[PDB]
Amino acid sequence: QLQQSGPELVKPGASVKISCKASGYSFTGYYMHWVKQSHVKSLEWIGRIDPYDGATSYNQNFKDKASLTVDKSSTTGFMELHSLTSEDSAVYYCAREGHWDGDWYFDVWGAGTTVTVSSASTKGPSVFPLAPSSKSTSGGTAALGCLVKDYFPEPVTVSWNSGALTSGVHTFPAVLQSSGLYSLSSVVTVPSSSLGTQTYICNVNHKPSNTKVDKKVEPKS
Amino acid sequence: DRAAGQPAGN
Amino acid sequence: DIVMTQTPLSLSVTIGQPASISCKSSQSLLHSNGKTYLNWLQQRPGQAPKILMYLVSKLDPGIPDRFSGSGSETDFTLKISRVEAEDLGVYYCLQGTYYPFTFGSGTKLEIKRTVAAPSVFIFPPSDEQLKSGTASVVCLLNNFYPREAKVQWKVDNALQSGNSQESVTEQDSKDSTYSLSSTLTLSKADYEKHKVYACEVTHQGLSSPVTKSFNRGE
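Residues numbered from 1 in each chain as written, not as in the entry; some residues may be left out. Chains lettered and ligands numbered in written order. Heavy atoms only, no water. Residues with missing side-chain atoms left out of burial classes, pairs and counts.

- In the PDB archive, X-ray crystallography is given as the structure determination method for this entry, at a resolution of 2.27 Å.

- The name that the PDB entry assigns to chain C is 2F2 Fab light chain, with the source organism given as Mus musculus.

- Chain A is annotated in the PDB entry as 2F2 Fab heavy chain from Mus musculus.

Right, dumping it as structure tokens:
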């Protein structure tokens, strides 16, 4: 019910504007809140906005750092972050303060927007196949995958067969290489007897570099 | 018709 | 700002066993209207937070009844009567009485299950990457428990150090297992100096270490 904008790479001192599109409910009847997650053990409330009249309330820590607006015609909320520092690299959520049983709470959340503050240039990944073979068979099952190497910044999106293959997929958390670039793998287990008839394509989308790659993983001899 | 919420919003 | 303290930091619970998490506020969360604005949230890995309970004790309609909440005005507890696989993640308390909203430290819940041995796979470097001058060799450990595992790379039966990186998945939300990958990275020149590439896997679920090897060029 809430769709947020894509990941952002921002140079230090610049600004960024991220959006939160609402659908399927009365936009002006519910507060839209924003939350900052710096890491897995930190959640901070940034502020809220009343889309009816655009009234805003902010956490004192984010005044002069953030500004909330809405466009009623498109039922979208916006948050602009100003003059970013490295401490502004985080994942940003929007949430609706919904209503149930006469009480109010955050009942719908956006998927989150990753903002990375860095002066480094973006780099798209190169995608290499992890081809199945006798070296990757176990108990009648075969393992195959994609190696997504040397990209900046995070994140990269990996799907299989345009999202039709989800069972048995493991997309590993990226690692930081000594070059400062990232790499990850995505793997899936399938029947070994299926390698002649089935098609396995990993879809790699790295939005900071506008990099979209499809690699068909075929068996090695 | 208007939005309400938990008081910590201010 | 209200300070919200959570205990424990991390928790490991077997499927079907009870779980308990506590939250403490630096001031009373009872508001003038008589409502205690204390919320519990769950955040599964790679997903947004999700409100489980509001007003100390009230469940969101889509939350199973094995979750429950109790508390006073400053001390609160979230209880899971019988933990299931989907209950992994980090739990936060959020106070909504005093401006601004403040979240707790967060409590990590790991799901305990029976030992599961890894299926071990190795992937030689692709021809496409070899033309680019680098060789990445990947060793895959699939669907294992517990999380501790040791993966050693051997090149011509010589133990390797300083040229590999590993990454573990989050705990699986259905079977509570983990997966691990170890990536050995070499230049095309150094890769061509040797013939046999192997990863040796030691894990609690394996009675002896498992070796997956290949010869360069097959």
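**Side note on the layout of surface pockets**
Part 1 of the reasoning: By volume, the second largest pocket amounts to about 360 Å³.
Part 2 of the reasoning: As for the second largest pocket, its lining consists of 21 residues, and the residues nearest its centre are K149, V175 and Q177 of chain A together with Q165 and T185 of chain C.
Part 3 of the reasoning: Mapped by element, the contributors of at least two residues to the lining of the second largest pocket are β14 (141-151) and β18 (182-191) of chain A together with β16 (164-168) and β17 (178-187) of chain C.
Part 4 of the reasoning: At 4 residues, β16 of chain C tops the list of elements feeding residues into the lining of the second largest pocket.
Part 5 of the reasoning: Here the residues of the lining of the second largest pocket sort into 5 nonpolar, 13 polar and 3 charged. (1 Å grid on protein atoms, 1.4 Å probe; cavity = no way out; pocket = protein on both sides within 12 Å on 5 of 7 lines; lining within 4 Å. Points joined across faces, edges and corners; volume = space filled by probe spheres on them. Helix = DSSP H or I, 4+ residues; strand = E, 2+ residues; numbered from the N terminus. Nonpolar A, V, L, I, M, F, W, Y, C, P; charged D, E, K, R; others polar.)

**Quick look at the interface of chain C and chain B**
Part 1 of the reasoning: In this assembly, 10 residues from chain C lie in contact with 5 residues from chain B.
Part 2 of the reasoning: Of the roughly 600 Å² buried between chain C and chain B, counting both surfaces, carbon and sulfur atoms make up 63%.
Part 3 of the reasoning: Broken down residue by residue, the surface that chain C buries against chain B is led by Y37, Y99 and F101 of chain C, which jointly contribute 65%.
Part 4 of the reasoning: Linking chain C with chain B are 0 salt bridges.
Part 5 of the reasoning: For the interface between chain C and chain B, the tally reads 2 residue pairs in polar contact.
Part 6 of the reasoning: Residues that form the side of chain C that touches chain B fall into these classes: 5 nonpolar, 5 polar and no charged. (Contact = heavy atoms within 4.5 Å. Buried area = accessible area lost by both parts, 1.4 Å probe. Salt bridge = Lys/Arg side-chain N within 4 Å of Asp/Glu carboxyl O. Polar contact = N/O pair within 3.5 Å; in protein donor to acceptor, adjacent residues only side chain to side chain.)

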